[PDB]
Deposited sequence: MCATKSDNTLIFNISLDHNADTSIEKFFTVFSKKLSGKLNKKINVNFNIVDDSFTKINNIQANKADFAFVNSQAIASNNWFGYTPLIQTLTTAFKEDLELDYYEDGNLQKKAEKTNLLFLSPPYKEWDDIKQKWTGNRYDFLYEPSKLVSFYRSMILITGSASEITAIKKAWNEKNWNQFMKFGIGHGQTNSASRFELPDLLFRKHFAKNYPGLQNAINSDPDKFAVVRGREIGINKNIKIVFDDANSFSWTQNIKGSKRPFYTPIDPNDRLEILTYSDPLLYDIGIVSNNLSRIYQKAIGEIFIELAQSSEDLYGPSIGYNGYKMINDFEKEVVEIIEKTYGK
C-alpha cells in the first residue's frame, strides 16, 4: 500500500524531506500493522492541493484555512489544525473591535526597528534555520496569524500616511500607493480589504473597486521589497514576514534612503493557520492515523518538516464549525 501527500517546501525543507517521509512511513506502518510507503509531490497552491485530493490524485495536504469546508460531499475531511509559535506581542486572538491592532503593531515596531533588519545576524538575532527567534515566545503555540500593513518613506511622508489613517480619510490614504498580492490572497489582499471596510467607513469602495477606479495607485509588491518601487509606500504582507525571511548579505525590508523610515502601521484581523485535509477515500482509521503521526512528531520534537514552514505543532479538529468556521466568521463576517 502507498499514499501520496502534497507538500510545499520553504527554507531548507528539501534537504530533509525524503528522510521525513521515510520516518513518517515507518511510523504509519507501525500504527497500521501494514507496510505502507508515503511518497509526495511538491505543490504550492491550496486550490491545486484540494483539487488533487478531490480528484483522487492525492491523499493529504496542508491548505489555507479559508479555502475549505467540512462537508460530507466534498471528498475530503479537515483533519488537523497546524499550530505556530506565537510572536511576542501577539499571544492572544482578538479583532479590530478590541482596539489593539495598531498598538500591537507599535509594540512590534520597538523590537523590529532597532537594530534594523539589514544588520540582522544569525547569532545575535537567533536564527533557528527558519526564523529569528528573538521575535517569538517559544513556550507558546497559537492557531492564528494575521496580515500586516508596512509603510515607508521620508519622515514627513510617514507622518502624513499615519495622519491619513487616524483621520480615516481613504482617498488621502490610497494616494500614497498600495502594494498587494493576488486577489485570493488572505494576507496580501482579503484581510487588508476587510480591515479597511471596518476602519474607513462609507468612503471605502472595496479594494478591487479602488484598483479598477485608479490603477496607477496600486501595484503587486512583496513586503520584503517595499521601498524599491517609489510611488508605492504602503504594502501588505503576512504579519511579521521578516521573522522568517533570512537577512543574507540589496537587503530586504530596507528603503532606498537611510533617512527614510520603514515600520508596521497596523495588523489585520486573524485567520486560522493552515489545516491538514485528508481524502475520504481513506477509512476513518487511516485518516486518524495520519493525523496522530503529525501530532506525535511534534510532541517528541522529531518533526523535521513542520517548523520549516511555520508548523511548530498540530492538534486534531473535532468540531470544525466551532474551531474553524465561527472563528473565520468573526473576521470575514
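Counting from residue 1 of the deposited sequence, the stretches lacking C-alpha coordinates in this chain are 1-7, 257-259, 344.
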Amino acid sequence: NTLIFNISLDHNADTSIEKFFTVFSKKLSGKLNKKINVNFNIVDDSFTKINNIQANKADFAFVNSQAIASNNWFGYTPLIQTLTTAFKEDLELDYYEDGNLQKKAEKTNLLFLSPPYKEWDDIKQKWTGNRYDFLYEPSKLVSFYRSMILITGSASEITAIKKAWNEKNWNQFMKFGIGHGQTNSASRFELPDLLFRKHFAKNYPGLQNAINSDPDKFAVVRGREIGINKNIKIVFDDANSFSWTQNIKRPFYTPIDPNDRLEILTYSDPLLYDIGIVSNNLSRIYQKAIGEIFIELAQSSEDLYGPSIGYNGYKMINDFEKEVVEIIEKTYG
From here on, numbers count along this sequence of modelled residues.
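Stretches compared: 240-248, 78-86. Higher mean C-alpha B-factor in the entry: 240-248. Between 212-220 and 93-101, the higher mean Cα B-factor belongs to 93-101. Residue set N71, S147, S185, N203: peak C-alpha B-factor at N203 (per PDB entry).
In this PDB entry, the Cα temperature factor of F320 sits in the bottom third of its chain's modelled residues, the lowest group. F20: CA B factor lies in the highest third for its chain, per the PDB record. In the deposited entry, the Cα temperature factor of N6 sits in the bottom third of values across the chain's modelled residues.
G291: CA B factor in the lowest third of modelled residues in this chain (values from the PDB entry). Per-chain ranking of the deposited C-alpha B factor places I36 in the highest third.
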